[PDB]
Amino acid sequence: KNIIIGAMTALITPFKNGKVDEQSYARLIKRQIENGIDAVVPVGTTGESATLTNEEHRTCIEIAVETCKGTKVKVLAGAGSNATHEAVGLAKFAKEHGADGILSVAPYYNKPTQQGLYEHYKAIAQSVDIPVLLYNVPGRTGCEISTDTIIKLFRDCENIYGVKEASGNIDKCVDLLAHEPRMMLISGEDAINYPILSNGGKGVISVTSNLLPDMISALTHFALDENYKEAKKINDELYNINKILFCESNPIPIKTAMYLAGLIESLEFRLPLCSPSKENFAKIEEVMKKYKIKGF
Amino acid sequence: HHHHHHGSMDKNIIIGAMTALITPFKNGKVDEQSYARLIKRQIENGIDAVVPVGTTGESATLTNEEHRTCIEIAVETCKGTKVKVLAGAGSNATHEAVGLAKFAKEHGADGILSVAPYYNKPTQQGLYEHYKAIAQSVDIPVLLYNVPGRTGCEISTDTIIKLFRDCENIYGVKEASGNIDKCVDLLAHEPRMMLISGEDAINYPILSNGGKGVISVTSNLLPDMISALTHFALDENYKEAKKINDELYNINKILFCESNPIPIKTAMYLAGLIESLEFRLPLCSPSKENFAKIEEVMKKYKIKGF
Amino acid sequence: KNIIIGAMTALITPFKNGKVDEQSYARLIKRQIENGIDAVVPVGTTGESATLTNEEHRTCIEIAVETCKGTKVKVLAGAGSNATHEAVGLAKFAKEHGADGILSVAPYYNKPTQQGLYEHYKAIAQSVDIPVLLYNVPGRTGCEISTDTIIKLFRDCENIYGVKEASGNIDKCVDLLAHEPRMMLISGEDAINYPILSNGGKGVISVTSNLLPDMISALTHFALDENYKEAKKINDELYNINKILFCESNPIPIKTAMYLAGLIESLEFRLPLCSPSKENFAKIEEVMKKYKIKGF
Amino acid sequence: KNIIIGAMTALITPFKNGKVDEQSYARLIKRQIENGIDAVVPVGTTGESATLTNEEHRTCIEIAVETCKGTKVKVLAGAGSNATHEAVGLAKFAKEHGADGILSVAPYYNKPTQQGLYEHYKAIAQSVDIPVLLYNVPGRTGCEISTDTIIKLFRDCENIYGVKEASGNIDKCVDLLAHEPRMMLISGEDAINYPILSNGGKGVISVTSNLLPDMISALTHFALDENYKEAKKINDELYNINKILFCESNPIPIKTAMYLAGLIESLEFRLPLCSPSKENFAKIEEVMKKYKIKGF
Ligand SMILES: N[C@@H](CCCC[NH3+])C(=O)O
Ligand SMILES: N[C@@H](CCCC[NH3+])C(=O)O
Ligand SMILES: N[C@@H](CCCC[NH3+])C(=O)O
Ligand SMILES: N[C@@H](CCCC[NH3+])C(=O)O
Ligand SMILES: [Mg+2]
Ligand SMILES: [Mg+2]
Ligand SMILES: [Mg+2]
Ligand SMILES: [Mg+2]
Ligand SMILES: [Mg+2]
Ligand SMILES: [Mg+2]
Ligand SMILES: [Mg+2]
Ligand SMILES: [Mg+2]
Ligand SMILES: [Mg+2]
Ligand SMILES: [Mg+2]
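Residues numbered from 1 in each chain as written, not as in the entry; some residues may be left out. Chains lettered and ligands numbered in written order. Heavy atoms only, no water. Residues with missing side-chain atoms left out of burial classes, pairs and counts.

Asks: Requested: an account of the overall build of chain B, with residues and values cited.
Replies: A count of helices and strands for chain B gives 13 helices and ten strands. Here chain B has a C-alpha radius of gyration of 18 Å; the compact-globule value for 306 residues is 19 Å, and the two agree. Over its C-alpha atoms, taken along the principal directions, chain B stretches across nearly 55 × 45 × 40 Å. Excluding contacts between residues fewer than 6 apart, the proportion of contacts in chain B whose partners are at least 24 apart in sequence is 71%. (Helix = DSSP H or I, 4+ residues; strand = E, 2+ residues; numbered from the N terminus. Rg over C-alpha atoms; globule rule 2.2 N^0.38 Å. Contact = heavy atoms within 4.5 Å.)

Asks: For the interface of chain D and chain A, give the residues involved together with the corresponding values.
Replies: As a measure of interface size, the accessible area lost when the parts come together is often cited. Counting from both sides, the interface comprises 21 residues of chain D and, opposite them, 22 residues of chain A. Applying the counting rule to chain D against chain A returns two salt bridges. Between A:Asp171 and D:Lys243 there is a salt bridge; the shortest N-O distance is 2.9 Å. Seen at the junction of chain D and chain A, the total is eleven residue pairs in polar contact. The set of elements that each furnish at least two residues to the side of chain D that touches chain A consists of helix 7 (170–179), helix 8 (193–198), helix 10 (228–237) and helix 11 (239–244) of chain D. If one sorts the elements of the side of chain D that touches chain A by residue count, helix 7 of chain D sits on top with seven residues. Classifying every residue of the side of chain D that touches chain A by side-chain character gives ten nonpolar, six polar and five charged. (Salt bridge = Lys/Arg side-chain N within 4 Å of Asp/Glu carboxyl O. Polar contact = N/O pair within 3.5 Å; in protein donor to acceptor, adjacent residues only side chain to side chain. Nonpolar A, V, L, I, M, F, W, Y, C, P; charged D, E, K, R; others polar.)

Asks: Can you explain the UniProt feature "binding site: pyruvate" in chain B? Please cite residues and give values.
Replies: Residues and elements named next belong to chain B. UniProt's feature table lists "binding site: pyruvate" at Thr56 and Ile215, given in the numbering used throughout. In summary, the annotated positions, though distributed over 160 residues, converge in three dimensions, the widest C-alpha pair being only 10.5 Å. One can find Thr56 in the loop between strand 4 (49–51) and helix 2 (64–77). If near-sequence neighbours (up to four positions away) are discounted, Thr56 is found in contact with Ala20, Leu21, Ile22, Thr23, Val217, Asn220, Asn260, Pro261 and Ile264. Topologically, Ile215 is positioned in strand 10 (residues 213–216). Each residue touching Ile215, except ones within four places of it in the same chain, is listed here: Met18, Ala20, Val51, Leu86, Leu113, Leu143, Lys174, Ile196, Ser197 and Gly198. (UniProt positions renumbered as here; feature names shortened; annotations may be inferred.)

Asks: Break down the relation of the copies chain D and chain A for me, citing the residues and quoting the values.
Replies: Expressed as a screw transformation, the operator carrying chain D onto chain A has a rotation angle of 180° and an axial translation of 0.0 Å, and the superposed copies differ by an RMSD of 0.2 Å. Expressed as a symmetry operation, the mapping of one chain copy onto the other fits a two-fold axis. Looking at the interface residues of chain D, 100% of them are also at the interface in chain A, so both copies use one shared face. (Least-squares fit on C-alpha atoms.)

Asks: Summarise helix 12 (residues 252–260) of chain D; cite the residues concerned and give the values.
Replies: Residue and element names in this part refer to chain D. Burial of helix 12 is extensive: seven of the nine residues sit out of reach of the surface. For helix 12, the full list of buried residues reads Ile252, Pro253, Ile254, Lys255, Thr256, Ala257 and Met258. In the core, the buried residues of helix 12 are packed alongside strand 2 (15–16), helix 1 (22–33), helix 11 and helix 13 (278–289). At the C-terminal side of helix 12, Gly262 shows a positive phi close to 75°. (Buried < 20%, exposed > 50% of the residue type's maximum accessible area, 1.4 Å probe, protein only.)

Asks: Tell me about the packing of helix 3 (residues 84–96) of chain C against helix 4 (residues 114–127) of chain C, and please be specific about residues and values.
Replies: All names here are of chain C. Taken N-terminus to C-terminus, the directions of helix 3 and helix 4 make an angle of 25°; their axes are 9 Å apart at the nearest point. With respect to helix 4, the axis of helix 3 lies roughly parallel. Considering the relative orientation of helix 3 and helix 4, their crossing is right-handed. Where helix 3 approaches helix 4, its residues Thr84, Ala87, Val88, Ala91 and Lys92 are matched on the opposing element by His120, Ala123, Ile124 and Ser127. Here the residues of the contact of helix 3 with helix 4 sort into five nonpolar, three polar and one charged. (Axes fitted to C-alpha atoms, helices over the stretch in contact; angles between N-to-C directions. Parallel < 35°, antiparallel > 145°, perpendicular 65-115°, else oblique. Left-handed = near helix turned anticlockwise from the far one by under 90°.)

Asks: I'd like to hear about the interface of chain B and chain A, residue by residue, with values.
Replies: Counting residues at the interface gives 34 residues for chain B, matched by 32 residues for chain A. At the boundary of chain B with chain A, total buried surface from both sides reaches about 2900 Å², with 62% on carbon and sulfur atoms. When the buried surface of chain B facing chain A is broken down by residue, B:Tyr119, B:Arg150 and B:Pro282 rank first, second and third, together holding 27% of it. Linking chain B to chain A there are zero salt bridges. (Buried area = accessible area lost by both parts, 1.4 Å probe.)

Asks: Summarise the packing of helix 6 (residues 147–156) of chain D against helix 7 of chain D; cite the residues concerned and give the values.
Replies: All names here are of chain D. Look at helix 6 against helix 7: their axes get within 10 Å of each other, and the N-to-C directions meet at 35°. The handedness of the crossing between helix 6 and helix 7 is right-handed. In contact with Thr147, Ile150, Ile151 and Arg155 of helix 6, helix 7 contributes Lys172, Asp175, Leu176 and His179. Of the residues assigned to the contact of helix 6 with helix 7, the class counts are three nonpolar, two polar and three charged.

Asks: Run through the site of ligand 4, naming residues and quoting values.
Replies: Taken together, C:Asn82, C:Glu86, D:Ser49, D:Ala50, D:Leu52, D:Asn54, D:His57 and D:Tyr108 make up the full set of residues adjacent to ligand 4. Of the chains in the model, those with residues near ligand 4 are chains C and D. The contact in question runs from a nitrogen atom of ligand 4 to an N or O atom on the backbone of D:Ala50, over 3.3 Å. Residue D:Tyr108 places a side-chain N or O atom 2.6 Å away from an oxygen atom belonging to ligand 4. Protein contacts shield 91% of the accessible area of ligand 4, which totals 310 Å² for the unbound molecule. Considering only residue class, the shell around ligand 4 consists of three nonpolar, four polar and one charged. (Near = heavy atom within 4 Å. Areas by Shrake-Rupley, 256 points an atom, 1.4 Å probe, with all protein chains shown as cover.)

Asks: Explain the pairing of strand 10 (residues 203–206) of chain C residue by residue, including any values.
Replies: Residue and element names in this part refer to chain C. Burial along strand 10 is two-sided: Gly203 and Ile205 and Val204 and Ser206, pointing in opposite directions, are all buried. Where strand 1 (residues 6–10) and strand 10 come together, four bridges link them in parallel fashion. Paired with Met8 across the bridge in strand 10 is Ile205. Bridge count between strand 9 (residues 184–187) and strand 10: two bridges; the pairing is parallel. When the bridges of strand 10 are listed, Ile186 appears paired with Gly203. As for the winding sense of the linkage, the β-α-β connection from strand 9 through helix 8 (residues 193–198) to strand 10 is right-handed. (Pairing = 2+ DSSP bridges. Right-handed = clockwise from strand over helix to strand, strands pointing away.)

Asks: How would you summarise the site of ligand 2 if you had to cite specific residues and measurements?
Replies: Close to ligand 2 lie A:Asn82, A:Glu86, B:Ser59, B:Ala60, B:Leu62, B:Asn64, B:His67 and B:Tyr118, which account for all nearby residues. What surrounds ligand 2 is not a single chain but chains A and B. For ligand 2, a nitrogen atom lies 2.5 Å from a polar atom in the side chain of A:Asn82. In the model, a nitrogen atom of ligand 2 is placed 2.7 Å from a nitrogen or oxygen of the B:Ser59 main chain. Within the complex, 88% of the 320 Å² of free accessible area of ligand 2 lies under protein.

Asks: So what about the environment of A:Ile145? Which residues, and what values?
Replies: Its place among the elements puts A:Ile145 in the loop between helix 5 (138–141) and helix 6 (147–156). The sequence separation of A:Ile145 and A:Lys92 amounts to 53 residues, and the corresponding C-alpha distance is 23 Å.

Asks: Just give me the short version of the UniProt feature "active site" in chain A, but keep the residues and values in it.
Replies: What UniProt calls "active site" maps, in this numbering, to A:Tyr135 and A:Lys164. Considering the C-alpha atoms alone, the annotated residues occupy 30 residues of sequence yet fold into one spot, their largest mutual distance being 4.6 Å. Structurally, the position occupied by A:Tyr135 is in strand 7 (residues 132–136). We classify A:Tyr135 as buried; its relative accessible area is 7%. Residue contacts for A:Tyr135: discarding those within four places in its chain leaves A:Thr45, A:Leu103, A:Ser104, A:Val105, A:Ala106, A:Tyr121, A:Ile145, A:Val163, A:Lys164, A:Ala166 and B:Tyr119. Here A:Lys164 lies in strand 8 (residues 160–165).

Asks: Describe in detail the UniProt feature "binding site: pyruvate" in chain A, supporting the description with residues and values.
Replies: All names here are of chain A. UniProt tags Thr46 and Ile205 as "binding site: pyruvate". Its place among the elements puts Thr46 in the loop between strand 4 (39–41) and helix 2 (54–67). On the basis of relative accessibility, which here comes to 5%, the residue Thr46 falls in the buried class. Setting aside anything within four residues of it in sequence, one finds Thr46 in contact with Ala10, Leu11, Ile12, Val207, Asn210, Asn250, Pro251 and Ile254.

Asks: Break down the packing of aromatic side chains for me, with residues and values.
Replies: Overall, the coordinates contain ten aromatic pairs over all chains when judged by the stated rule. With a centroid separation of 6.3 Å and 20° between ring planes, the pair formed by A:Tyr108 and B:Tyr118 is classed as stacked. Residue A:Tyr108 is located in the loop between strand 6 (101–105) and helix 4 (114–127), and its partner B:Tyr118 is located in the loop between strand 6 (111–115) and helix 4 (124–137); the two belong to separate chains. Comparing A:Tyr108 with B:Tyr118 shows no difference in burial state: the two are buried. (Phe/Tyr/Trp six-rings, centres within 6.5 Å; stacked < 30°, edge-to-face > 60°.)

Below is the structure:
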């Protein structure tokens with residue numbers, strides 16, 4: 001099986017005058033590459049998938065692919081949708097425009113059954129010939145991909161090689177790798193990156209790495225080298241910033257932090273996302289003071 | 001200039017017994033001629049309003065063109081009758097929801113339903129700005145829609161009341177949260193709003209506390225019973241309304257043994273009201289066990305034909 | 001069946017120098033009788049069941065029985081326990097000492113199965129010949145008595161006549177009375193007293209009635225006569241105090257309010273229960289100013 | 001601080017004819033000592049604390065103390081209660097009768113505030129001079145000891161040295177040891193024993209070790225010696241039995257399994273606990289067949 005693992009960043013999407021700032025997007029991706037990141041994920045939840053147009057979603061995949069040329073860094077394109085026909089179209093676009101793989105979030109809002117989830121992902125995997133990583137985040141979608149469904153998809157479909165888990169459920173992470181140890185479990189919760197890696201997870205798809213790419217990369221690579229002491233030391237040091245980046249719904253805090261660090265020009269969202277409360281803005285600024293934030 | 005005193009300024013409303021219409025498919029396309037026939041069946045069985053393309057209508061998997069087409073068919077079919085069209089126009093992107101709202105206005109809908117943004121979990125401030133922009137885009141009634149089990153977010157009682165008091169067109173909320181405490185909270189602090197039940201099994205408890213209508217899944221199958229329940233309740237004949245709500249519990253519950261609208265489409269198919277048990281992925285046929293369970297509950301109810 | 005319905009009060013237990021103030025207990029119950037209450041419940045959760053000794057628990061049942069002699073008010077003695085042999089002993093004491101019926105909370109902490117709950121209540125009901133009211137409060141016990149178990153118990157044991165529901169689940173209340181309309185459903189959540197009664201419930205067991213017995217009494221009797229408009233008006237007017245009485249864990253706010261109204265001499269709890277925060281103390285006082293509180 | 005760490009067993013309490021089988025209890029403890037277990041915990045939830053009399057609870061502490069005398073195995077006596085005066089009395093008994101420390105579950109059913117929890121445990125810790133381990137299990141108690149309260153108690157009272165966590169929340173486990181790495185975090189959920197130990201936890205209090213003391217012992221000692229690969233291997237191999245032992249509420253499955261293994265003479269509980277369902281009886285019987293169960 002082809003795989004995409006290691007330290008990965010769920011990229012924020014910067015706006016200027018309501019438009020995607022395509023030149024700041026490329027600059028932010030190069031900053032990730034230059035700080036030890038193994039792959040980048042354009043247009044996930046962190047990238048404001050919901051409020052981009054279909055053209056804008058596709059444009060950001062192209063920029064990521066272009067920016068990573070000549071490097072070892074891969075593009076795991078965000079291509080999920082709650083409509084199977086939309087998700088297949090995004091999968092085919094990413095394949096035909098040079099992405100190395102795709103991420104595929106579980107359908108949100110319409111709550112498919114486990115059978116429907118299996119048929120949803122089977123259609124996606126049959127549409128392309130590049131790796132497909134499942135993405136489970138029940139707090140946002142309203143549904144859960146069960147362990148049985150995940151494992152069945154891993155064994156029945158060639159391109160499906162693992163799952164990104166954002167469920168705060170370490171028991172399920174043990175369940176997954178105890179019954180299918182060949183799968184690639186990827187952490188989708190920054191605060192518990194180390195516990196997932198220490199149980200055999202093979203990477204992270206990170207919000208914090210937008211701000212601190214070198215620290216997330218070092219944490220992951222320490223763990224992959226079985227230097228558990230050093231990986232845990234970074235995970236413990238990062239807890240305070242990992243928590244404050246979710247005081248409000250992601251990506252509101254991380255964009256606030258990137259703005260306070262001078263890495264994005266303006267603190268701009270697309271509705272229904274908005275600026276954080278003045279209280280939480282001050283809380284984020286205060287937590288940041290304990291970390292050394294790399295520039296460009 | 002904006003202000004905070006819209007509560008008692010005359011708000012156009014859409015209340016009574018309302019149906020969240022299923023969307024029939026034929027060879028993967030919207031069966032536009034079965035859609036019109038089903039809406040006419042609703043009109044002839046005492047329903048006061050219809051809601052095209054909600055969650056029950058598989059809004060998520062329809063294209064933008066198909067979503068707009070189904071609103072047009074509903075508007076056309078209810079012309080010359082007392083039945084209103086409350087167009088489903090929600091989106092998790094504010095610019096999409098504004099575009100749908102303006103479409104519904106410009107093509108003759110009587111009002112709009114607007115679900116709270118799903119998946120991206122906006123803050124209460126974000127929800128306020130989301131709804132504020134939608135309501136300022138049109139001049140027809142806007143009913144908020146709270147269903148946290150599907151969206152991942154909740155519109156607070158405080159936010160709902162602020163929107164009611166700050167914007168002219170927001171006139172109430174459809175609640176699908178299984179939280180009768182919140183329903184008491186809403187009408188005790190803002191009794192001028194229209195609380196609409198979005199949970200069939202508890203239609204009567206919501207109406208008995210001052211709710212003014214239902215937006216029902218069960219009425220797809222049994223429109224006469226849901227309409228009679230509501231009109232009994234609106235006339236304060238609570239004994240007869242409760243008697244029907246009790247009779248419908250078994251079917252109200254079994255219609256969610258799997259995720260709506262999988263059971264209701266199965267039942268409409270078992271009743272001969274649609275030609276195919278067709279969904280758009282990721283939705284699918286129910287399990288064989290749940291199929292039998294649905295068939296088996298239906299037998300105790302009288303289902304009106306065409 | 002023989003039943004105990006209507007407006008009922010979950011009595012607070014006052015302490016004086018670390019012992020139960022038995023003369024304040026009697027004075028408080030007499031205040032309930034004179035303000036339209038139909039029954040009183042000694043030693044529930046509100047009465048600090050957990051921290052009373054077995055002798056004090058039994059003494060408090062005795063005081064309630066004595067005080068309601070010669071009146072229309074009944075005593076529904078609190079007799080629950082998470083050990084069946086303890087719950088049987090309390091039930092038999094209540095019977096032998098003149099209680100009109102018993103309330104029996106579902107076993108807490110040890111989480112029995114539905115089969116175990118059935119055997120638990122069957123042994124209790126067979127031990128006495130007075131009415132037994134089940135009590136479901138999953139947020140405190142960790143278990144739920146299923147609708148099926150409640151209906152089975154109602155139909156299989158002669159003296160079990162209903163359930164007190166404190167689960168915030170109006171769907172379950174419709175389920176209960178649609179499938180077994182002969183049972184007595186009793187509200188155990190003050191804020192939704194009117195919605196439960198309007199669906200056919202026949203009474204409440206109230207925390208707020210400790211402070212405002214006349215208002216809860218009028219609400220219940222209005223509703224039982226199908227004067228729903230007048231009952232809803234009181235339920236709506238009581239929402240603010242109904243909510244603030246749970247700003248902290250019951251019975252901390254209600255005992256605070258009774259002290260703030262001068263109805264008890266000292267604001268004393270038994271650890272692990274404690275006085276509320278300074279802020280919540282002031283918040284309860286401010287909500288109270290909007291209500292008419294009867295004295296002695 | 002004095003501490004009690006390592007691989008520990010939450011002992012089942014066998015009954016025979018409705019009484020505690022005191023000779024089987026001692027025999028079971030000797031089996032634990034002989035399989036590398038570092039300490040035993042009499043009368044927890046697994047020991048049916050709720051349904052034992054005050055005298056039976058105290059007797060089982062005495063049997064554990066006597067059976068482990070002259071050996072290296074410690075006794076961490078279960079002494080919790082939802083009434084502070086009861087918990088202090090149990091704590092003093094354990095001290096006066098030779099226990100090495102005490103475990104003290106957070107108060108169940110009456111839901112104290114964080115301030116009440118602090119005063120509850122401060123009173124317990126001041127009553128004795130032996131180590132005190134807190135016990136958080138919100139699914140059974142209805143309350144949670146916050147990270148702040150645990151750390152404050154650890155820093156303010158000499159005897160309080162850690163917490164047994166049974167909340168399925170690895171984020172909280174990272175939170176605890178990142179802000180107070182000197183405390184002893186003890187796993188209270190068998191399925192995730194290895195992830196908690198891999199983050200710096202120093203022991204387990206196990207249900208599964210009743211049946212497989214050698215395997216739980218080996219898992220813990222592998223982890224404490226930083227052989228993470230071998231500890232994970234055992235944790236992964238134990239997942240199936242760890243899960244089936246909670247198909248129904250603990251200790252119903254574990255007693256069933258001990259009965260099926262011939263380690264106790266009768267499968268009898270005290271109401272409200274009861275035998276499992278017939279299908280669940282068969283399910284436990286299977287999972288056991290994949291494991292090698294040591295005898296006496
Ligand atoms: N509002 C749409 C937009 C999708 C286009 C970007 N992926 C959704 O969240 O599904
Ligand atoms: N999957 C998209 C499609 C919307 C198309 C119009 N109903 C969504 O649910 O937002
Ligand atoms: N702590 C004991 C007290 C029993 C005394 C009677 N309520 C319990 O909660 O079960
Ligand atoms: N049922 C009481 C009795 C305890 C006696 C031994 N701790 C309780 O669970 O607290
Ligand atoms: Mg995706
Ligand atoms: Mg700046
Ligand atoms: Mg006409
Ligand atoms: Mg909508
Ligand atoms: Mg107000
Ligand atoms: Mg009781
Ligand atoms: Mg008791
Ligand atoms: Mg009258
Ligand atoms: Mg204990
Ligand atoms: Mg735990």
